[PDB]
Amino acid sequence: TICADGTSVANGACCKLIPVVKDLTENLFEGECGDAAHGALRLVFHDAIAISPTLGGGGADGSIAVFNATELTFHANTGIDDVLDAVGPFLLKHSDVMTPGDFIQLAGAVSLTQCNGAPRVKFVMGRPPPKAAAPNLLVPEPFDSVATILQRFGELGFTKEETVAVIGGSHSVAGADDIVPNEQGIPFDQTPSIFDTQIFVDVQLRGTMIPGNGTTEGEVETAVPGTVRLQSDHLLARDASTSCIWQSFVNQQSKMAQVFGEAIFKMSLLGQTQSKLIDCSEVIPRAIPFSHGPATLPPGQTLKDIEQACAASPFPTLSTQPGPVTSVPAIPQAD
Ligand code: HEM
Ligand SMILES: [Ca+2]
Ligand SMILES: [Ca+2]
Ligand SMILES: [Mn+2]
């Protein structure tokens with residue numbers, strides 16, 4: 001079926017989403033991989049991961065928005081209020097054509113297409129409205145152990161490979177708003193606007209500093225000024241279960257994107273039954289091709305600054321980015 005804009009879709013029920021996609025790219029993200037995009041991507045996780053085989057939750061159901069009055073009381077959802085201040089108006093204005101679970105997954109898929117190198121993901125629709133808030137304690141925290149993280153993702157059907165890719169890849173295009181005291185938009189990698197493998201490098205370096213004037217639980221030292229490091233990421237890069245996977249993505253941008261894309265789609269299905277869903281992948285914008293060069297060490301760092309953790313292979317012999325040590329700019333906030 002050809003929609004009013006000229007897009008061909010397999011299922012004409014998808015055409016009603018074309019204006020949503022246009023509104024998101026023009027008016028929420030404004031064609032940029034900035035804070036609005038980061039918030040939409042984070043919201044995918046906080047909505048979808050909040051499901052457990054034994055404790056409940058509906059998964060990718062829109063509960064984080066519909067039942068925000070409850071879910072925003074949960075410590076792990078700190079800062080989701082500010083994300084919803086930017087994204088929530090769009091969810092409401094498009095609530096005539098799609099459920100909130102569908103909206104959140106669409107917005108995350110469209111957000112990725114605003115970022116250099118990020119994959120175009122598959123997108124399906126048909127998720128029913130949510131029944132209840134998620135239980136608390138289903139969203140992983142940055143102070144959770146690797147065993148805890150792997151049990152949560154593993155019990156939901158993710159491989160360790162997918163787990164590392166989706167966490168680390170997301171953190172390629174992301175900052176911390178509620179970790180560094182009184183500071184917002186502190187990136188996890190040197191390039192929060194670029195879906196590259198700098199995150200994997202940046203985290204493997206020996207940490208030497210903390211930004212700002214104190215710490216939050218689940219923060220550790222970082223190696224690059226103007227960035228922050230989560231304990232979870234730190235540990236994922238170093239634990240024997242995951243460290244070789246972490247290392248495997250360094251300077252493997254295409255492989256990391258492919259795995260990331262598949263993991264996001266899997267995440268988008270949590271709590272759902274794939275049988276009742278309709279593919280609307282044609283409505284997703286085209287991706288921006290990765291247009292940067294190889295991964296590099298940050299200025300001033302050398303391979304002796306890498307903390308080797310993978311026993312099977314040495315860390316890749318990357319060149320060092322030329323120039324003086326510089327601080328990474330903070331991300332201007334949408335809210
Ligand atoms: C073990 C898993 C994870 C932990 C513990 C974790 C932790 C965090 C923390 C603590 C922040 C900062 C929040 C704040 O200061 O308000 C953050 C930011 C973010 N996370 Fe993760 N995260 C994980 C997985 C993921 C996944 C799977 C995705 C996406 C599907 C994701 C996407 C993001 C994005 C995009 C941001 C940046 C938001 C912004 O710039 O405003 N996270 N994460
Ligand atoms: Ca949910
Ligand atoms: Ca990056
Ligand atoms: Mn933010």
Side-chain angles (χ1 to χ4, degrees), residues 1 3-5 7-51 58-66 68 80 83-115 118-130 166 169-170 173 195 260-274 276-288 334:
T1 299
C3 306
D5 71 321
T7 295
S8 174
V9 297
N11 192 315
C14 301
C15 292
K16 70 183 175 174
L17 307 184
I18 297 289
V20 184
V21 172
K22 184 177 190 291
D23 195 19
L24 291 172
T25 60
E26 293 181 346
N27 300 306
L28 173 60
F29 304 134
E30 302 193 8
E32 301 204 346
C33 186
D35 185 61
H38 304 340
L41 180 60
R42 187 177 175 217
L43 193 65
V44 165
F45 180 52
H46 290 250
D47 195 20
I49 207 74
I51 176 167
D61 62 349
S63 68
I64 188 83
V66 176
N68 71 252
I80 300 298
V83 174
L84 286 173
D85 287 336
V87 174
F90 293 91
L91 185 157
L92 294 170
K93 80 183 296 196
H94 297 298
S95 82
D96 56 345
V97 298
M98 67 205 307
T99 63
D102 286 354
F103 179 88
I104 288 175
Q105 297 304 317
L106 180 62
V110 174
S111 153
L112 285 166
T113 72
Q114 315 297 289
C115 303
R120 183 172 190 269
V121 302
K122 289 194 20 94
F123 171 76
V124 298
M125 69 180 295
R127 298 163 184 79
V166 76
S170 292
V173 285
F195 196 86
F260 177 91
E262 195 271 350
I264 290 289
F265 185 65
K266 179 177 290 190
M267 188 170 294
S268 85
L269 300 175
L270 291 169
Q272 301 298 328
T273 309
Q274 201 191 353
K276 43 171 169 85
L277 298 178
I278 295 168
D279 186 86
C280 292
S281 290
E282 306 90 341
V283 312
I284 307 306
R286 196 44 251 239
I288 302 170

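We count residues from 1, following the sequence as given. The basis for the numbers below is simple: all heavy atoms, side chains too, and nothing from hydrogens, waters or symmetry mates.
Atom CD in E32 sits 10.0 Å away from atom NE2 in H38 (nearest 0.5 Å). Separating the CG atom in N11 from the CG atom in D279 is a distance of 9.0 Å, to the nearest 0.5 Å. The line from CE of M125 to CG of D102 is 5.5 Å long, rounded to the nearest 0.5 Å. Taken from CG in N68 to NE2 in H46, the straight-line distance is 14.5 Å, to the nearest 0.5 Å. Once rounded to the nearest 0.5 Å, the distance linking NZ of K266 with CD1 of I264 reads 12.0 Å.
The stretch residues 9-19 participates, sequence neighbours left out, in no salt bridge (charged side-chain N to carboxylate O under 4.0 Å, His left out) pair at all.
Side chains of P119 and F260 form a contact here, defined as non-hydrogen atoms less than 4.5 Å apart. Residues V66 and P129 have side chains not in contact (no heavy-atom distance under 4.5 Å, counting atoms from C-beta outward). Contact check for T99 versus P128: no side-chain heavy atoms found under the 4.5 Å cut-off. Contact of the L106 side chain with the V283 side chain is registered, since non-hydrogen atoms from C-beta on lie closer than 4.5 Å. Residues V44 and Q105 meet the side-chain proximity criterion, which asks for heavy atoms closer than 4.5 Å. No side-chain heavy atom of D61 sits under 4.5 Å from any side-chain heavy atom of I51. Using a 4.5 Å heavy-atom threshold, the side chains of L24 and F103 count as touching.
With hydrogens and angles ignored, the 3.5 Å screen pairs no side-chain donor or acceptor of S111 with any backbone N or O of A107. Judged purely by atom type and a 3.5 angstrom limit, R120 uses its side chain to pair as donor or acceptor with the backbone of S281. Using modelled atom types, no side-chain atom of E282 and backbone atom of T7 make a donor-acceptor pair closer than 3.5 Å. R127 places a side-chain N or O within donor-acceptor distance of the main-chain N or O of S268, the cut-off being under 3.5 Å. Using a distance-only test at 3.5 Å, with no hydrogens or angles considered, a donor-acceptor pair links the side chain of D47 to the main chain of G62. Not one N or O on the side chain of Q274 forms a donor-acceptor pair closer than 3.5 Å with the backbone of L269.
We find that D5 and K22 are not joined by a salt bridge, their nearest charged nitrogen and carboxylate oxygen being 4.0 Å or further apart.
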- Verify side-chain contact (heavy atoms from CB on, under 4.5 Å) between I284 and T113, making sure each step is shown before the conclusion. CA-CA 8 Å; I284 307 306; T113 72; 3.7 Å; yes
- Apply the test disulfide bond (SG atoms under 2.5 Å apart) to residues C15 and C3: give CA-CA distance (whole Å), side-chain angles for both, the deciding distance (0.1 Å), then the verdict. CA-CA 5 Å; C15 292; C3 306; 2.1 Å; yes
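Evaluation of the side chain to side chain contact (heavy atoms under 4.5 Å, CB included) rule for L43 yields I64, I80, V83, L84, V87, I104 as partners, not counting sequence neighbours. With sequence neighbours excluded, no residue forms a ring pair (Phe, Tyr, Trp, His ring centres under 6.0 Å) with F29.
Closest heavy-atom contact between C115 and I288: N-CD1, 4.0 Å. Taking every heavy atom of both residues into account, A65 and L91 meet most closely at CB-CD1, 3.7 Å. Here the shortest heavy-atom pairing between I278 and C14 reads CG2-SG, 4.3 Å.
Tested against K93 for a side chain to side chain contact (heavy atoms under 4.5 Å, CB included), the candidates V20, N27, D23 yield a single pass: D23.
The neighbour count for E26 CD, taken as heavy atoms of other residues, nucleotides or ligands under 6.0 Å away, is above 12.
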